[PDB]
file final-v4.cif (mmCIF, C-alpha atoms)
data_input
#
loop_
_atom_site.label_atom_id
_atom_site.label_comp_id
_atom_site.auth_asym_id
_atom_site.auth_seq_id
_atom_site.Cartn_x
_atom_site.Cartn_y
_atom_site.Cartn_z
CA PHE B 1347 109.94 128.55 103.36
CA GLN B 1348 111.11 125.57 101.11
CA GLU B 1349 112.68 127.06 97.90
CA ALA B 1350 115.40 128.94 95.89
CA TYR B 1351 115.30 131.44 92.90
CA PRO B 1352 117.82 132.28 89.99
CA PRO B 1353 120.36 135.09 89.59
CA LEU B 1354 121.76 138.26 87.78
CA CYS B 1355 124.26 136.19 86.41
CA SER B 1356 127.10 136.52 83.89
CA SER B 1357 129.98 135.11 81.93
CA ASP B 1358 130.24 134.17 78.21
CA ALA B 1359 132.86 135.09 75.69
CA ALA B 1360 129.71 136.75 74.48
CA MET B 1361 128.67 137.58 78.07
CA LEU B 1362 131.61 137.65 80.62
CA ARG B 1363 132.96 140.48 82.47
CA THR B 1364 132.55 143.84 83.94
CA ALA B 1365 133.64 146.60 81.66
CA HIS B 1366 130.91 148.71 83.03
CA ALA B 1367 130.41 148.20 86.91
CA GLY B 1368 126.74 148.81 88.05
CA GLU B 1369 124.01 147.36 85.68
CA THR B 1370 125.24 146.83 82.07
CA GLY B 1371 124.02 146.20 78.60
CA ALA B 1372 121.00 144.13 78.46
CA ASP B 1373 120.38 141.32 75.87
CA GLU B 1374 117.74 138.73 76.77
CA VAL B 1375 118.33 135.77 74.50
CA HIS B 1376 119.99 135.02 71.28
CA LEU B 1377 120.12 131.26 70.43
CA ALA B 1378 121.60 128.68 72.86
CA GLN B 1379 124.49 130.15 75.14
CA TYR B 1380 122.93 131.81 78.20
CA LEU B 1381 123.24 134.32 80.96
CA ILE B 1382 120.77 134.79 83.84
CA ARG B 1383 119.40 137.76 85.86
CA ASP B 1384 118.60 138.23 89.51
CA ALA B 1385 115.71 137.13 91.83
CA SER B 1386 116.65 137.55 95.58
CA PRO B 1387 118.43 139.53 98.34
CA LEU B 1388 120.03 142.47 96.51
CA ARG B 1389 119.11 144.66 93.58
CA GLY B 1390 122.53 146.16 94.28
CA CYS B 1391 125.27 144.04 95.82
CA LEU B 1392 128.55 143.19 93.87
CA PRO B 1393 130.45 146.39 92.77
CA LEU B 1394 133.86 146.06 91.19
CA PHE H 1347 75.65 148.25 78.96
CA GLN H 1348 78.71 147.78 76.54
CA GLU H 1349 82.58 148.25 76.56
CA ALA H 1350 86.00 147.03 77.66
CA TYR H 1351 89.59 147.12 80.02
CA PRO H 1352 93.25 145.58 79.21
CA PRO H 1353 97.04 144.94 79.73
CA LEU H 1354 100.35 144.94 77.58
CA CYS H 1355 101.43 141.96 75.34
CA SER H 1356 103.61 140.49 72.53
CA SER H 1357 102.95 137.27 70.62
CA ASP H 1358 105.88 136.28 69.27
CA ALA H 1359 107.08 137.43 72.54
CA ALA H 1360 110.25 136.79 70.80
CA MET H 1361 109.06 140.32 71.20
CA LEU H 1362 108.76 139.93 75.11
CA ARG H 1363 111.95 139.83 77.16
CA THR H 1364 115.11 141.82 77.04
CA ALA H 1365 116.46 143.56 80.07
CA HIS H 1366 114.15 146.24 81.41
CA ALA H 1367 110.88 146.08 83.69
CA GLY H 1368 109.38 149.67 83.13
CA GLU H 1369 108.30 151.16 79.66
CA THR H 1370 109.86 148.63 76.90
CA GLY H 1371 107.65 147.32 74.07
CA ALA H 1372 105.25 149.76 72.38
CA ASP H 1373 105.70 149.80 68.61
CA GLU H 1374 103.07 147.46 67.98
CA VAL H 1375 104.85 144.69 66.51
CA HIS H 1376 108.13 142.86 65.31
CA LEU H 1377 107.90 140.17 62.46
CA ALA H 1378 104.82 137.81 61.97
CA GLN H 1379 103.02 137.05 65.18
CA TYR H 1380 100.74 139.26 67.36
CA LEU H 1381 101.90 141.72 70.08
CA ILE H 1382 98.87 142.76 72.19
CA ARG H 1383 98.90 145.56 74.81
CA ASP H 1384 97.88 147.62 77.67
CA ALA H 1385 94.97 149.68 78.85
CA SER H 1386 93.20 148.50 82.07
CA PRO H 1387 94.33 150.29 85.28
CA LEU H 1388 97.69 149.94 87.14
CA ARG H 1389 100.84 151.19 85.37
CA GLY H 1390 104.08 150.38 87.08
CA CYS H 1391 103.91 148.60 90.45
CA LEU H 1392 105.54 145.57 91.80
CA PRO H 1393 108.67 145.07 89.68
CA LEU H 1394 108.61 141.89 87.54
CA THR V 1249 150.74 117.16 94.39
CA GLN V 1250 148.45 119.53 96.30
CA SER V 1251 146.62 122.69 96.10
CA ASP V 1252 146.99 125.92 94.54
CA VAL V 1253 146.06 127.77 97.67
CA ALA V 1254 144.84 130.82 95.79
CA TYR V 1255 142.70 129.63 92.89
CA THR V 1256 141.64 126.20 94.01
CA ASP V 1257 140.83 124.89 90.59
CA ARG V 1258 144.31 123.89 89.42
CA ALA V 1259 147.83 123.40 90.77
CA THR V 1260 149.33 126.61 89.38
CA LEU V 1261 148.54 128.87 86.47
CA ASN V 1262 151.91 128.46 84.78
CA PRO V 1263 153.90 125.28 85.48
CA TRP V 1264 157.09 127.03 84.39
CA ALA V 1265 157.55 129.38 87.35
CA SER V 1266 155.95 127.66 90.34
CA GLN V 1267 157.71 124.35 91.02
CA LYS V 1268 160.63 123.79 93.37
CA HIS V 1269 163.25 124.24 90.64
CA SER V 1270 161.37 125.52 87.63
CA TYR V 1271 162.83 128.10 85.26
CA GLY V 1272 161.08 131.01 86.96
CA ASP V 1273 162.22 129.93 90.41
CA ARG V 1274 165.78 129.25 89.25
CA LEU V 1275 165.84 132.73 87.73
CA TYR V 1276 164.42 134.97 90.45
CA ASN V 1277 164.38 133.21 93.83
CA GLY V 1278 166.77 134.95 96.19
CA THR V 1279 167.91 131.76 97.92
CA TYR V 1280 169.79 130.50 94.86
CA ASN V 1281 171.31 133.98 94.50
CA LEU V 1282 171.75 133.82 90.74
CA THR V 1283 171.43 137.58 90.21
CA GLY V 1284 173.60 138.67 93.13
CA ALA V 1285 176.16 140.60 91.09
CA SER V 1286 173.49 142.47 89.14
CA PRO V 1287 173.03 145.97 90.61
CA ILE V 1288 169.53 146.31 89.15
CA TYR V 1289 166.58 145.90 91.49
CA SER V 1290 164.35 142.99 90.50
CA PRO V 1291 160.68 143.89 91.05
CA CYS V 1292 159.54 140.26 91.32
CA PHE V 1293 162.21 139.24 93.82
CA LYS V 1294 159.78 139.70 96.71
CA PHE V 1295 157.18 137.42 95.10
CA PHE V 1296 159.52 134.43 94.86
CA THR V 1297 161.67 134.49 98.00
CA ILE J 417 84.17 141.47 85.86
CA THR J 418 84.30 139.66 82.51
CA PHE J 419 86.69 139.98 79.77
CA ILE J 420 87.06 138.08 76.46
CA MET J 421 90.25 136.28 74.84
CA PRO J 422 92.25 135.32 71.71
CA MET J 423 94.58 132.70 69.97
CA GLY J 424 96.91 134.61 67.33
CA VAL J 425 94.88 137.29 65.40
CA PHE J 426 95.45 138.40 61.82
CA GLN J 427 94.41 141.87 60.51
CA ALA J 428 92.86 142.03 57.09
CA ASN J 429 93.40 145.32 55.35
CA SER J 430 96.55 144.88 53.27
CA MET J 431 98.43 147.97 54.44
CA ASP J 432 101.39 146.92 56.62
CA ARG J 433 104.65 146.08 54.84
CA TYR J 434 106.92 148.43 56.90
CA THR J 435 110.29 148.31 58.80
CA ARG J 436 112.45 150.24 61.35
CA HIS J 437 115.83 148.56 62.51
CA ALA J 438 116.99 145.23 61.17
CA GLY J 439 118.60 141.91 60.01
CA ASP J 440 115.74 139.37 60.41
CA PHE J 441 114.44 135.95 61.58
CA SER J 442 116.47 134.66 58.72
CA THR J 443 119.68 132.82 58.21
CA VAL J 444 122.11 132.04 55.48
CA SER J 445 118.95 130.65 53.82
CA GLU J 446 115.40 131.18 52.94
CA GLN J 447 112.04 130.00 54.29
CA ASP J 448 111.62 127.54 57.19
CA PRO J 449 109.13 128.73 59.88
CA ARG J 450 109.42 132.58 59.21
CA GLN J 451 107.00 134.34 56.94
CA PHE J 452 104.35 132.47 58.76
CA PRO J 453 101.60 132.45 61.47
CA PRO J 454 102.34 133.59 65.03
CA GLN J 455 102.30 131.57 68.15
CA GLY J 456 99.30 131.22 70.18
CA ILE J 457 98.57 131.18 73.93
CA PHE J 458 100.93 131.13 77.07
CA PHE J 459 100.98 133.27 80.21
CA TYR J 460 102.75 134.96 83.12
CA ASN J 461 101.22 133.98 86.61
CA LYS J 462 101.81 135.38 90.22
CA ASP J 463 105.06 137.37 91.09
CA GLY J 464 107.52 138.05 88.09
CA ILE J 465 108.44 135.13 85.67
CA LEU J 466 106.28 134.20 82.59
CA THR J 467 104.38 130.90 81.47
CA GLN J 468 103.64 128.64 78.43
CA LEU J 469 100.26 127.63 76.79
CA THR J 470 101.42 126.01 73.42
CA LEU J 471 99.66 122.81 72.14
CA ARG J 472 97.43 120.36 74.20
CA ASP J 473 93.67 120.53 75.00
CA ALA J 474 90.28 120.76 73.58
CA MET J 475 89.25 117.15 73.88
CA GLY J 476 87.19 116.79 76.96
CA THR J 477 85.36 119.25 75.11
CA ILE J 478 83.47 119.66 71.68
CA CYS J 479 82.66 116.01 70.66
CA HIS J 480 79.82 117.82 72.16
CA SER J 481 76.00 117.14 71.82
CA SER J 482 73.91 120.37 71.44
CA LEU J 483 75.15 121.30 67.91
CA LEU J 484 73.46 118.88 65.62
CA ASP J 485 70.55 120.70 66.84
CA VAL J 486 67.27 120.35 64.95
CA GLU J 487 64.16 120.55 67.14
CA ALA J 488 63.57 123.67 69.17
CA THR J 489 65.64 126.56 67.81
CA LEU J 490 64.29 126.74 64.30
CA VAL J 491 61.10 125.78 66.26
CA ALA J 492 61.22 129.03 68.14
CA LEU J 493 61.18 130.83 64.83
CA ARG J 494 58.40 128.88 62.85
CA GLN J 495 55.83 130.82 61.12
CA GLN J 496 56.62 133.35 58.46
CA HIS J 497 57.28 133.32 54.81
CA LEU J 498 60.89 132.76 53.82
CA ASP J 499 62.63 135.74 52.19
CA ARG J 500 63.22 135.97 48.51
CA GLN J 501 64.62 132.61 47.74
CA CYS J 502 63.67 129.72 45.55
CA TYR J 503 65.31 126.67 44.24
CA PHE J 504 68.21 127.59 42.69
CA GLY J 505 67.72 123.89 42.24
CA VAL J 506 67.31 121.42 45.03
CA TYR J 507 64.96 118.59 43.82
CA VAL J 508 66.25 115.19 42.46
CA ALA J 509 65.40 112.25 40.09
CA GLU J 510 66.01 108.70 38.59
CA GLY J 511 67.25 108.22 34.96
CA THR J 512 65.58 109.94 32.15
CA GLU J 513 64.06 107.22 29.85
CA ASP J 514 66.27 108.70 27.15
CA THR C 418 118.53 128.13 99.42
CA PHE C 419 119.38 129.50 95.91
CA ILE C 420 119.74 126.51 93.41
CA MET C 421 122.27 126.36 90.38
CA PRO C 422 121.56 124.38 87.14
CA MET C 423 124.47 123.14 85.03
CA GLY C 424 124.16 120.72 82.27
CA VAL C 425 121.85 120.66 79.36
CA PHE C 426 121.58 121.77 75.91
CA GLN C 427 117.94 122.25 75.25
CA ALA C 428 116.94 120.50 72.26
CA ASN C 429 114.68 123.36 71.45
CA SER C 430 113.68 124.63 68.52
CA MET C 431 110.93 127.13 69.91
CA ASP C 432 111.94 130.52 71.09
CA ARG C 433 114.62 131.92 68.78
CA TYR C 434 114.90 135.26 70.35
CA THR C 435 117.36 138.11 70.65
CA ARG C 436 119.27 141.17 71.71
CA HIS C 437 122.25 141.88 69.51
CA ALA C 438 123.07 142.37 66.05
CA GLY C 439 125.30 142.20 62.96
CA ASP C 440 127.87 143.94 64.86
CA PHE C 441 128.50 140.32 65.55
CA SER C 442 129.05 136.53 64.63
CA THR C 443 132.88 135.43 65.11
CA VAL C 444 135.55 136.26 62.27
CA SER C 445 134.87 134.63 58.77
CA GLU C 446 131.92 133.50 56.60
CA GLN C 447 129.38 131.02 58.10
CA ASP C 448 127.28 131.79 61.21
CA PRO C 449 127.32 129.16 64.00
CA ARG C 450 127.35 130.82 67.33
CA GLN C 451 125.30 127.99 68.80
CA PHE C 452 127.22 126.91 71.92
CA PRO C 453 125.15 125.70 74.76
CA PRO C 454 126.77 125.36 78.17
CA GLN C 455 129.72 123.21 79.67
CA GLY C 456 130.81 124.18 83.23
CA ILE C 457 131.72 127.30 85.03
CA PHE C 458 134.45 129.98 85.38
CA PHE C 459 133.42 131.61 88.61
CA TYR C 460 134.71 134.21 91.03
CA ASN C 461 135.60 134.09 94.76
CA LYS C 462 136.05 136.98 97.33
CA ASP C 463 138.11 139.91 96.18
CA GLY C 464 139.46 139.86 92.58
CA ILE C 465 139.73 136.15 91.57
CA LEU C 466 137.68 133.57 89.64
CA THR C 467 137.77 129.75 90.06
CA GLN C 468 135.96 127.28 87.83
CA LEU C 469 133.09 124.87 88.43
CA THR C 470 133.61 123.55 85.09
CA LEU C 471 133.58 120.09 85.98
CA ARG C 472 136.68 118.59 85.04
CA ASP C 473 136.74 115.73 87.24
CA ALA C 474 133.63 113.87 85.73
CA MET C 475 133.42 113.55 89.06
CA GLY C 476 130.36 114.39 91.11
CA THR C 477 127.27 112.29 90.57
CA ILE C 478 125.89 110.50 88.08
CA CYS C 479 126.11 106.66 87.10
CA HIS C 480 126.72 105.25 90.60
CA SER C 481 126.23 101.39 91.42
CA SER C 482 124.92 100.55 95.04
CA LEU C 483 121.44 100.93 93.86
CA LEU C 484 122.93 97.52 93.49
CA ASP C 485 120.11 97.27 95.77
CA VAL C 486 116.73 95.88 94.44
CA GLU C 487 114.74 94.19 97.35
CA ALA C 488 113.27 97.28 99.32
CA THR C 489 112.01 100.01 97.00
CA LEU C 490 110.08 97.55 94.99
CA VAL C 491 109.22 96.81 98.65
CA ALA C 492 107.10 99.27 96.91
CA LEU C 493 106.76 96.85 93.89
CA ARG C 494 105.36 93.45 95.33
CA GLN C 495 102.23 94.79 97.41
CA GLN C 496 100.25 97.29 95.07
CA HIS C 497 99.29 96.74 91.50
CA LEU C 498 99.91 97.46 87.80
CA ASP C 499 97.87 97.23 84.61
CA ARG C 500 98.17 93.81 83.00
CA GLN C 501 100.49 93.32 80.18
CA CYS C 502 100.20 90.07 78.80
CA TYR C 503 100.97 86.68 77.59
CA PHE C 504 101.30 86.21 73.94
CA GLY C 505 102.74 89.47 74.75
CA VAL C 506 105.97 87.64 75.04
CA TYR C 507 107.86 85.24 72.74
CA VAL C 508 111.42 84.19 71.61
CA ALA C 509 112.57 80.59 72.66
CA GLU C 510 113.41 76.83 72.08
CA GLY C 511 111.82 74.51 69.51
CA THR C 512 108.98 72.12 68.65
CA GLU C 513 110.43 70.29 65.60
CA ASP C 514 108.88 72.74 63.11
CA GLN U 1200 134.64 127.97 104.99
CA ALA U 1201 132.66 124.90 104.13
CA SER U 1202 130.07 124.10 101.38
CA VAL U 1203 128.31 121.05 99.83
CA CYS U 1204 126.31 120.55 96.54
CA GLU U 1205 123.13 118.58 95.73
CA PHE U 1206 122.65 118.30 92.02
CA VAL U 1207 119.72 116.37 90.25
CA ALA U 1208 119.98 116.04 86.45
CA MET U 1209 117.95 118.91 85.03
CA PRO U 1210 116.18 119.42 81.78
CA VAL U 1211 117.14 120.10 78.09
CA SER U 1212 113.88 121.22 76.38
CA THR U 1213 110.30 121.87 77.53
CA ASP U 1214 110.81 124.78 79.93
CA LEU U 1215 112.85 128.04 80.76
CA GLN U 1216 109.97 129.95 82.73
CA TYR U 1217 110.47 127.29 85.94
CA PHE U 1218 114.55 128.26 84.92
CA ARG U 1219 111.92 131.59 84.96
CA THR U 1220 109.91 129.99 88.01
CA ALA U 1221 112.20 129.26 91.03
CA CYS U 1222 112.66 127.24 94.00
CA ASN U 1223 114.01 124.45 96.17
CA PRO U 1224 115.08 121.58 93.98
CA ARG U 1225 112.61 119.18 95.32
CA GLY U 1226 109.89 120.26 92.86
CA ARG U 1227 106.18 119.71 93.70
CA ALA U 1228 104.54 119.71 97.06
CA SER U 1229 105.24 117.53 100.14
CA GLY U 1230 106.05 120.11 102.99
CA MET U 1231 103.79 120.91 105.94
CA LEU U 1232 101.67 124.08 105.94
CA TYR U 1233 97.90 124.07 105.09
CA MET U 1234 96.56 121.14 107.04
CA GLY U 1235 93.33 119.49 107.82
CA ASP U 1236 91.22 117.83 105.16
CA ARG U 1237 92.27 114.62 106.48
CA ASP U 1238 95.23 113.74 108.57
CA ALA U 1239 96.35 110.31 109.70
CA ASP U 1240 97.20 108.58 106.41
CA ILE U 1241 100.87 109.68 106.70
CA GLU U 1242 101.62 107.28 103.82
CA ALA U 1243 100.12 108.57 100.56
CA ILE U 1244 100.77 112.32 99.69
CA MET U 1245 104.95 112.04 98.93
CA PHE U 1246 104.68 107.95 99.48
CA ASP U 1247 101.21 107.12 97.39
CA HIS U 1248 98.00 108.42 95.33
#
call {"tool": "encode", "arguments": {"input": "final-v4.cif", "output": "structure tokens"}}
result
Amino acid sequence: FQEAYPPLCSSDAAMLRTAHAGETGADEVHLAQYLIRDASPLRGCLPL
Amino acid sequence: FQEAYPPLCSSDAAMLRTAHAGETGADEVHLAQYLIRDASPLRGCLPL
Amino acid sequence: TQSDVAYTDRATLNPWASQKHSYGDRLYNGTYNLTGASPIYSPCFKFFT
Amino acid sequence: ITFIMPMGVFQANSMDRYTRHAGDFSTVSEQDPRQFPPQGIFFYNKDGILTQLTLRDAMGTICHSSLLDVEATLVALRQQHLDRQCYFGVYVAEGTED
Amino acid sequence: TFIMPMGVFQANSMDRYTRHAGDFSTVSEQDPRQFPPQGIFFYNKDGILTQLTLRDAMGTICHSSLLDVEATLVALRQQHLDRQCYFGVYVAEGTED
Amino acid sequence: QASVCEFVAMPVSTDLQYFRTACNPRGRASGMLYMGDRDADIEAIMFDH
């Protein structure tokens, strides 16, 4: 099938950690430091 | 005869994407741009 | 000269308590037996010996 | 089916200077590109992740021929009597021997 | 395959957009929070992050042994360009002028 | 266990909707699937044009 998609990502001083554990707050851009959200296997794997 | 179908928009979609996929942008508008929307058939299929 | 086996990005988080004879190791490692006469249990004794 | 479609549109009736929740597309300073016209055309194609249409083409396109147009259209409406209208002034001349 | 990008800063200036507020900038007066991205604090199995920030320069880019220019332009001496040309080209030695 | 990375120097500013559309690195078609509309010139689709 020849490809690869991008993820539910995280980790800035503005966007790194879990405090919340599930699916968190929800910004979707601000200027020029990013995060990234999911596109593949699991709408629900990674719980800490 | 005469009349018309549609879907849901946002043009500065700097009124388009923060984190949802569901029912998100509906108050028509944010600063000076043009934020079209939604009235042909299918509501809520096929997540983004 | 080699790996931190846990977090393989660096040698060791703090270079003050991880070398052969660093301050941390000279203070708590049971082999040197610095705190033998102290009757107080040392909670980090098991992490260094 | 058919539909129709768009580039940025504008309103007219001067009735919309409102507000709801805010500190806006504005910085320490005043007026670079924000009190201004929208952007345009883009899209969002097959299965979940949107697409551009900003600034590139109408030039294979209206250098076009059937617009200067005068034979057959006016032709197809020849023969009446043209509604109340006279000069306001259109004729012309050459000096005035004065 | 999933495939992970890691280097740029967009020289935008197109798509300003946003989700959060005035809750926020950093501590004092002037508002630059304009960091684009450098390399990567990342996790592992069961508690622990490691970091693909980069800090040996030391993957790929510059490399040399494309010190090697007879074969690919073995796709550049048997197909054909568009001519650029012949006063197209001048800085040299004299004519007693 | 083992892992190995394949980077190729990606882009500052025209696009984050192909950072929104996703994929294999390689980028635009070579592959194999839909065949037929002529076959034997195995030199000129990702080697000519």
call {"tool": "resolve_selection", "arguments": {"input": "final-v4.cif", "expression": "the PyMOL selection byres ((chain H and resi 1365) around 7)", "output": "list in words"}}
result
residues 1372, 1373 and 1374 of chain B; 1363, 1364 and 1366 of chain H
call {"tool": "closest_atom_pairs", "arguments": {"input": "final-v4.cif", "of": "chain C", "to": "chain J", "cutoff": "8 Å", "atoms": "all atoms listed in the file", "output": "JSON lines"}}
result
{"residue": "C:438", "atom": "CA", "partner": "J:439", "partner_atom": "CA", "distance": 7.5}
{"residue": "C:439", "atom": "CA", "partner": "J:439", "partner_atom": "CA", "distance": 7.3}
{"residue": "C:447", "atom": "CA", "partner": "J:444", "partner_atom": "CA", "distance": 7.8}
{"residue": "C:448", "atom": "CA", "partner": "J:444", "partner_atom": "CA", "distance": 7.7}
call {"tool": "calpha_fit_rmsd", "arguments": {"input": "final-v4.cif", "fixed": "chain H", "moving": "chain B"}}
result
2.8 Å
call {"tool": "residues_around", "arguments": {"input": "final-v4.cif", "residues": "range 1287-1292 of chain V", "least_positions_apart": "4", "cutoff": "12 Å", "atoms": "all atoms listed in the file", "output": "ChimeraX atom specification"}}
result
/V:1265,1272-1273,1275-1278,1282-1283,1296-1297
call {"tool": "interface_residues", "arguments": {"input": "final-v4.cif", "of": "chain J", "to": "chain H", "cutoff": "12 Å", "atoms": "all atoms listed in the file", "output": "short mmCIF file (atom, residue, chain, number, x, y, z; two decimals) with C-alpha atoms, in the frame of the given file"}}
result
data_model
loop_
_atom_site.label_atom_id
_atom_site.label_comp_id
_atom_site.auth_asym_id
_atom_site.auth_seq_id
_atom_site.Cartn_x
_atom_site.Cartn_y
_atom_site.Cartn_z
CA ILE J 417 84.17 141.47 85.86
CA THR J 418 84.30 139.66 82.51
CA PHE J 419 86.69 139.98 79.77
CA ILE J 420 87.06 138.08 76.46
CA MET J 421 90.25 136.28 74.84
CA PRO J 422 92.25 135.32 71.71
CA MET J 423 94.58 132.70 69.97
CA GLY J 424 96.91 134.61 67.33
CA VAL J 425 94.88 137.29 65.40
CA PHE J 426 95.45 138.40 61.82
CA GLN J 427 94.41 141.87 60.51
CA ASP J 432 101.39 146.92 56.62
CA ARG J 433 104.65 146.08 54.84
CA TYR J 434 106.92 148.43 56.90
CA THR J 435 110.29 148.31 58.80
CA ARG J 436 112.45 150.24 61.35
CA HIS J 437 115.83 148.56 62.51
CA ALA J 438 116.99 145.23 61.17
CA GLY J 439 118.60 141.91 60.01
CA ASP J 440 115.74 139.37 60.41
CA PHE J 441 114.44 135.95 61.58
CA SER J 442 116.47 134.66 58.72
CA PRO J 449 109.13 128.73 59.88
CA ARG J 450 109.42 132.58 59.21
CA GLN J 451 107.00 134.34 56.94
CA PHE J 452 104.35 132.47 58.76
CA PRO J 453 101.60 132.45 61.47
CA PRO J 454 102.34 133.59 65.03
CA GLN J 455 102.30 131.57 68.15
CA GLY J 456 99.30 131.22 70.18
CA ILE J 457 98.57 131.18 73.93
CA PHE J 458 100.93 131.13 77.07
CA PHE J 459 100.98 133.27 80.21
CA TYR J 460 102.75 134.96 83.12
CA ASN J 461 101.22 133.98 86.61
CA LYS J 462 101.81 135.38 90.22
CA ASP J 463 105.06 137.37 91.09
CA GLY J 464 107.52 138.05 88.09
CA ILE J 465 108.44 135.13 85.67
CA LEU J 466 106.28 134.20 82.59
CA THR J 467 104.38 130.90 81.47
CA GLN J 468 103.64 128.64 78.43
CA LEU J 469 100.26 127.63 76.79
CA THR J 470 101.42 126.01 73.42
#
call {"tool": "axis_aligned_box", "arguments": {"input": "final-v4.cif", "around": "range 423-440 of chain J", "padding_each_side": "5 Å", "output": "lines of an AutoDock Vina configuration file"}}
result
center_x = 105.7
center_y = 141.5
center_z = 61.6
size_x = 35.7
size_y = 27.5
size_z = 26.7
call {"tool": "closest_residue", "arguments": {"input": "final-v4.cif", "among": "C:425, C:463, C:433, C:450", "to": "chain V", "atoms": "all atoms listed in the file"}}
result
C:463
call {"tool": "closest_atom_pairs", "arguments": {"input": "final-v4.cif", "of": "chain C", "to": "chain B", "cutoff": "10 Å", "atoms": "all atoms listed in the file", "output": "Markdown table"}}
result
| residue | atom | partner | partner_atom | distance |
| --- | --- | --- | --- | --- |
| C:418 | CA | B:1350 | CA | 4.8 |
| C:419 | CA | B:1350 | CA | 4.0 |
| C:420 | CA | B:1350 | CA | 5.6 |
| C:421 | CA | B:1352 | CA | 7.4 |
| C:422 | CA | B:1352 | CA | 9.2 |
| C:426 | CA | B:1378 | CA | 7.6 |
| C:427 | CA | B:1378 | CA | 7.8 |
| C:428 | CA | B:1378 | CA | 9.4 |
| C:429 | CA | B:1378 | CA | 8.8 |
| C:430 | CA | B:1377 | CA | 9.4 |
| C:432 | CA | B:1377 | CA | 8.2 |
| C:433 | CA | B:1377 | CA | 5.8 |
| C:434 | CA | B:1376 | CA | 5.2 |
| C:435 | CA | B:1376 | CA | 4.1 |
| C:436 | CA | B:1373 | CA | 4.3 |
| C:437 | CA | B:1373 | CA | 6.7 |
| C:438 | CA | B:1376 | CA | 9.5 |
| C:441 | CA | B:1360 | CA | 9.7 |
| C:442 | CA | B:1360 | CA | 9.9 |
| C:443 | CA | B:1360 | CA | 10.0 |
| C:449 | CA | B:1377 | CA | 9.9 |
| C:450 | CA | B:1377 | CA | 7.9 |
| C:451 | CA | B:1378 | CA | 5.5 |
| C:452 | CA | B:1379 | CA | 5.3 |
| C:453 | CA | B:1379 | CA | 4.5 |
| C:454 | CA | B:1379 | CA | 6.1 |
| C:455 | CA | B:1379 | CA | 9.8 |
| C:457 | CA | B:1357 | CA | 8.6 |
| C:458 | CA | B:1357 | CA | 7.6 |
| C:459 | CA | B:1357 | CA | 8.3 |
| C:463 | CA | B:1394 | CA | 9.0 |
| C:464 | CA | B:1394 | CA | 8.5 |
call {"tool": "resolve_selection", "arguments": {"input": "final-v4.cif", "expression": "the PyMOL selection byres ((chain U) within 8 of (chain C))", "output": "PyMOL selection string"}}
result
chain U and resi 1206+1208-1213+1222-1224
call {"tool": "write_last_selection", "arguments": {"input": "final-v4.cif", "atoms": "C-alpha atoms", "output": "tab-separated table (two decimals), keeping the file's coordinate frame"}}
result
chain	number	residue	atom	x	y	z
U	1206	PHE	CA	122.65	118.30	92.02
U	1208	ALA	CA	119.98	116.04	86.45
U	1209	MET	CA	117.95	118.91	85.03
U	1210	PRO	CA	116.18	119.42	81.78
U	1211	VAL	CA	117.14	120.10	78.09
U	1212	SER	CA	113.88	121.22	76.38
U	1213	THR	CA	110.30	121.87	77.53
U	1222	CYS	CA	112.66	127.24	94.00
U	1223	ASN	CA	114.01	124.45	96.17
U	1224	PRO	CA	115.08	121.58	93.98
call {"tool": "resolve_selection", "arguments": {"input": "final-v4.cif", "expression": "the PyMOL selection byres ((chain C and resi 472) around 12)", "output": "ChimeraX atom specification"}}
result
/V:1257-1258 /C:455-458,468-471,473-476
call {"tool": "write_last_selection", "arguments": {"input": "final-v4.cif", "atoms": "C-alpha atoms", "output": "mmCIF file, in the coordinates of the input"}}
result
data_model
loop_
_atom_site.group_PDB
_atom_site.id
_atom_site.type_symbol
_atom_site.label_atom_id
_atom_site.label_comp_id
_atom_site.auth_asym_id
_atom_site.auth_seq_id
_atom_site.Cartn_x
_atom_site.Cartn_y
_atom_site.Cartn_z
ATOM 1 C CA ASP V 1257 140.830 124.890 90.590
ATOM 2 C CA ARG V 1258 144.310 123.890 89.420
ATOM 3 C CA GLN C 455 129.720 123.210 79.670
ATOM 4 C CA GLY C 456 130.810 124.180 83.230
ATOM 5 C CA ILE C 457 131.720 127.300 85.030
ATOM 6 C CA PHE C 458 134.450 129.980 85.380
ATOM 7 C CA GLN C 468 135.960 127.280 87.830
ATOM 8 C CA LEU C 469 133.090 124.870 88.430
ATOM 9 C CA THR C 470 133.610 123.550 85.090
ATOM 10 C CA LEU C 471 133.580 120.090 85.980
ATOM 11 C CA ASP C 473 136.740 115.730 87.240
ATOM 12 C CA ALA C 474 133.630 113.870 85.730
ATOM 13 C CA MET C 475 133.420 113.550 89.060
ATOM 14 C CA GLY C 476 130.360 114.390 91.110
#
call {"tool": "atom_distance", "arguments": {"input": "final-v4.cif", "atom1": "CA of residue 1260 in chain V", "atom2": "CA of residue 466 in chain C"}}
result
13.6 Å
call {"tool": "atom_distance", "arguments": {"input": "final-v4.cif", "atom1": "CA of residue 1228 in chain U", "atom2": "CA of residue 1243 in chain U"}}
result
12.5 Å
call {"tool": "atom_distance", "arguments": {"input": "final-v4.cif", "atom1": "CA of residue 1202 in chain U", "atom2": "CA of residue 461 in chain C"}}
result
13.2 Å
call {"tool": "interface_residues", "arguments": {"input": "final-v4.cif", "of": "chain U", "to": "chain B", "cutoff": "12 Å", "atoms": "all atoms listed in the file", "output": "list in words"}}
result
residues 1211, 1212, 1215, 1216, 1217, 1218, 1219, 1220, 1221, 1222, 1223, 1224, 1225, 1226, 1227, 1228, 1229, 1230, 1231 and 1232 of chain U
